[PDB]
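Source file: my_file-v1.pdb. Holds: PDB, C-alpha atoms.
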```
ATOM      1  CA  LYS E   1     -53.184-152.462 134.974  1.00  0.00           C
ATOM      2  CA  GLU E   2     -54.028-148.760 134.895  1.00  0.00           C
ATOM      3  CA  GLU E   3     -56.019-147.901 137.984  1.00  0.00           C
ATOM      4  CA  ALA E   4     -54.094-147.559 141.246  1.00  0.00           C
ATOM      5  CA  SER E   5     -56.156-150.412 142.691  1.00  0.00           C
ATOM      6  CA  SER E   6     -58.451-153.246 141.533  1.00  0.00           C
ATOM      7  CA  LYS E   7     -56.129-155.884 142.905  1.00  0.00           C
ATOM      8  CA  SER E   8     -57.936-158.920 144.240  1.00  0.00           C
ATOM      9  CA  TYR E   9     -56.844-159.525 147.806  1.00  0.00           C
ATOM     10  CA  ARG E  10     -57.577-163.156 147.007  1.00  0.00           C
ATOM     11  CA  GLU E  11     -54.494-163.228 144.763  1.00  0.00           C
ATOM     12  CA  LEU E  12     -52.368-161.091 147.049  1.00  0.00           C
ATOM     13  CA  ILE E  13     -53.072-163.064 150.209  1.00  0.00           C
ATOM     14  CA  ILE E  14     -52.629-166.474 148.601  1.00  0.00           C
ATOM     15  CA  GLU E  15     -49.433-165.369 146.848  1.00  0.00           C
ATOM     16  CA  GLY E  16     -48.006-164.674 150.265  1.00  0.00           C
ATOM     17  CA  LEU E  17     -49.945-167.045 152.468  1.00  0.00           C
ATOM     18  CA  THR E  18     -48.680-169.957 150.395  1.00  0.00           C
ATOM     19  CA  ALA E  19     -45.092-168.663 150.667  1.00  0.00           C
ATOM     20  CA  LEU E  20     -44.790-167.183 154.170  1.00  0.00           C
ATOM     21  CA  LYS E  21     -46.718-170.079 155.683  1.00  0.00           C
ATOM     22  CA  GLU E  22     -43.519-171.097 157.518  1.00  0.00           C
ATOM     23  CA  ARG E  23     -44.723-173.644 160.083  1.00  0.00           C
ATOM     24  CA  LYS E  24     -48.142-173.761 158.397  1.00  0.00           C
ATOM     25  CA  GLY E  25     -49.618-170.277 158.264  1.00  0.00           C
ATOM     26  CA  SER E  26     -49.009-166.676 159.299  1.00  0.00           C
ATOM     27  CA  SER E  27     -50.980-163.867 160.919  1.00  0.00           C
ATOM     28  CA  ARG E  28     -52.700-161.045 159.001  1.00  0.00           C
ATOM     29  CA  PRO E  29     -50.002-158.412 159.926  1.00  0.00           C
ATOM     30  CA  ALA E  30     -47.370-160.540 158.181  1.00  0.00           C
ATOM     31  CA  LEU E  31     -49.582-160.890 155.100  1.00  0.00           C
ATOM     32  CA  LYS E  32     -50.389-157.170 155.187  1.00  0.00           C
ATOM     33  CA  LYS E  33     -46.670-156.413 155.073  1.00  0.00           C
ATOM     34  CA  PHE E  34     -46.087-158.955 152.337  1.00  0.00           C
ATOM     35  CA  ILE E  35     -48.702-157.250 150.176  1.00  0.00           C
ATOM     36  CA  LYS E  36     -47.364-153.773 150.954  1.00  0.00           C
ATOM     37  CA  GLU E  37     -43.827-154.770 149.984  1.00  0.00           C
ATOM     38  CA  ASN E  38     -44.786-156.800 146.903  1.00  0.00           C
ATOM     39  CA  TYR E  39     -48.006-155.197 145.626  1.00  0.00           C
ATOM     40  CA  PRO E  40     -47.756-151.422 146.414  1.00  0.00           C
ATOM     41  CA  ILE E  41     -50.821-150.858 144.214  1.00  0.00           C
ATOM     42  CA  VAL E  42     -53.091-152.171 146.910  1.00  0.00           C
ATOM     43  CA  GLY E  43     -50.425-152.146 149.564  1.00  0.00           C
ATOM     44  CA  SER E  44     -50.433-148.368 149.575  1.00  0.00           C
ATOM     45  CA  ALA E  45     -54.205-148.236 149.091  1.00  0.00           C
ATOM     46  CA  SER E  46     -56.309-146.088 151.386  1.00  0.00           C
ATOM     47  CA  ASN E  47     -57.745-148.223 154.199  1.00  0.00           C
ATOM     48  CA  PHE E  48     -55.926-151.298 152.859  1.00  0.00           C
ATOM     49  CA  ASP E  49     -55.270-152.336 156.454  1.00  0.00           C
ATOM     50  CA  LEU E  50     -59.031-152.364 157.074  1.00  0.00           C
ATOM     51  CA  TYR E  51     -59.949-153.919 153.714  1.00  0.00           C
ATOM     52  CA  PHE E  52     -57.510-156.767 154.320  1.00  0.00           C
ATOM     53  CA  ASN E  53     -59.413-157.863 157.436  1.00  0.00           C
ATOM     54  CA  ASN E  54     -62.649-158.043 155.458  1.00  0.00           C
ATOM     55  CA  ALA E  55     -60.741-159.844 152.710  1.00  0.00           C
ATOM     56  CA  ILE E  56     -59.626-162.505 155.189  1.00  0.00           C
ATOM     57  CA  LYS E  57     -63.194-162.891 156.417  1.00  0.00           C
ATOM     58  CA  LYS E  58     -64.422-163.128 152.824  1.00  0.00           C
ATOM     59  CA  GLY E  59     -61.757-165.678 151.991  1.00  0.00           C
ATOM     60  CA  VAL E  60     -62.375-167.940 154.982  1.00  0.00           C
ATOM     61  CA  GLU E  61     -66.145-168.015 154.357  1.00  0.00           C
ATOM     62  CA  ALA E  62     -65.414-168.726 150.688  1.00  0.00           C
ATOM     63  CA  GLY E  63     -63.251-171.610 151.835  1.00  0.00           C
ATOM     64  CA  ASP E  64     -60.096-170.215 150.280  1.00  0.00           C
ATOM     65  CA  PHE E  65     -58.349-169.225 153.485  1.00  0.00           C
ATOM     66  CA  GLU E  66     -58.587-170.798 156.943  1.00  0.00           C
ATOM     67  CA  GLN E  67     -57.455-169.569 160.354  1.00  0.00           C
ATOM     68  CA  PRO E  68     -55.887-172.297 162.550  1.00  0.00           C
ATOM     69  CA  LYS E  69     -55.583-169.905 165.492  1.00  0.00           C
ATOM     70  CA  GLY E  70     -59.180-168.758 165.190  1.00  0.00           C
ATOM     71  CA  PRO E  71     -60.498-165.462 163.800  1.00  0.00           C
ATOM     72  CA  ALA E  72     -58.094-162.543 164.098  1.00  0.00           C
ATOM     73  CA  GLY E  73     -55.113-164.862 164.244  1.00  0.00           C
ATOM     74  CA  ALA E  74     -52.835-166.658 161.817  1.00  0.00           C
ATOM     75  CA  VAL E  75     -54.237-167.424 158.376  1.00  0.00           C
ATOM     76  CA  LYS E  76     -53.425-170.545 156.390  1.00  0.00           C
ATOM     77  CA  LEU E  77     -54.122-171.365 152.765  1.00  0.00           C
ATOM     78  CA  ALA E  78     -57.255-173.513 152.757  1.00  0.00           C
ATOM     79  CA  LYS E  79     -57.191-176.524 150.467  1.00  0.00           C
ATOM     80  CA  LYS E  80     -58.941-179.212 152.475  1.00  0.00           C
ATOM     81  CA  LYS E  81     -61.161-178.942 155.547  1.00  0.00           C
ATOM     82  CA  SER E  82     -58.949-181.474 157.302  1.00  0.00           C
ATOM     83  CA  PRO E  83     -59.277-182.258 161.047  1.00  0.00           C
ATOM     84  CA  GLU E  84     -57.154-180.820 163.868  1.00  0.00           C
ATOM     85  CA  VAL E  85     -58.485-177.365 163.129  1.00  0.00           C
ATOM     86  CA  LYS E  86     -60.695-177.016 166.176  1.00  0.00           C
ATOM     87  CA  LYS E  87     -59.295-173.753 167.489  1.00  0.00           C
ATOM     88  CA  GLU E  88     -61.333-171.459 165.254  1.00  0.00           C
ATOM     89  CA  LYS E  89     -64.208-171.016 167.732  1.00  0.00           C
ATOM     90  CA  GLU E  90     -66.916-170.379 165.118  1.00  0.00           C
ATOM     91  CA  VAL E  91     -65.522-169.707 161.640  1.00  0.00           C
ATOM     92  CA  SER E  92     -68.777-171.024 160.192  1.00  0.00           C
TER      93      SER E  92
END
```

Translate the structure of the given file into structure tokens.
Amino acid sequence: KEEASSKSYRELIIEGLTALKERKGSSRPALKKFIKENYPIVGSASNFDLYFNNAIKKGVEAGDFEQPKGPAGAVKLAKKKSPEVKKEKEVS
């Protein structure tokens, strides 16, 4: 709005993660690019690459994102804690 930041990664990730899901979901690097191309505000933010990882972690604990391929893999928009997601090791 004025500051060159203060974009919620929650919005940014979901905006993409819902779109670039393809087969079902997509890895962080793909989302990171999506945000950089679409939301330069945060995309070109210092240590955005690092912040994004924490954002994913924050989102998955919040039950807003979920990683089918376990932590540090592909993320998928979480809507229901449905079965056949037993490749996350310990995202809990």

All file atoms of segment 39-44 of chain E boxed axis-aligned, 4 Å per side, centre plus edges, as JSON:
```
{"center_x": -50.4, "center_y": -151.8, "center_z": 146.9, "size_x": 13.3, "size_y": 14.8, "size_z": 13.4}
```

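With only C-alpha atoms as the atoms that count, the residue of E:78, E:35, E:4, E:42 with the shortest distance to residue 59 of chain E is E:78.
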
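If you look at atom CA of residue 73 of chain E and atom CA of residue 25 of chain E, they are 9.8 Å away from each other.
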
Which neighbours of residue 16 of chain E fall inside 7 Å, counting all atoms listed in the file, when residues of the same chain fewer than 4 positions from it are skipped, and could you give them as a VMD selection string?
chain E and resid 12 20 31 34

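Taking atom CA of residue 26 of chain E and atom CA of residue 76 of chain E as endpoints, the distance between them is 6.6 Å.
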
Judged by all atoms listed in the file, the minimum distance to residue 14 of chain E among E:66, E:49, E:2, E:88 is found for E:66

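Applied to this file, the PyMOL selection byres ((chain E and resi 91) around 12) selects residues 56, 57, 58, 59, 60, 61, 62, 63, 65, 66, 67, 68, 69, 70, 71, 72, 73, 75, 81, 85, 86, 87, 88, 89, 90 and 92 of chain E.
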
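Distances from E:82, E:27, E:38, E:6 to residue 53 of chain E were compared using all atoms listed in the file, and the smallest one belongs to E:27.
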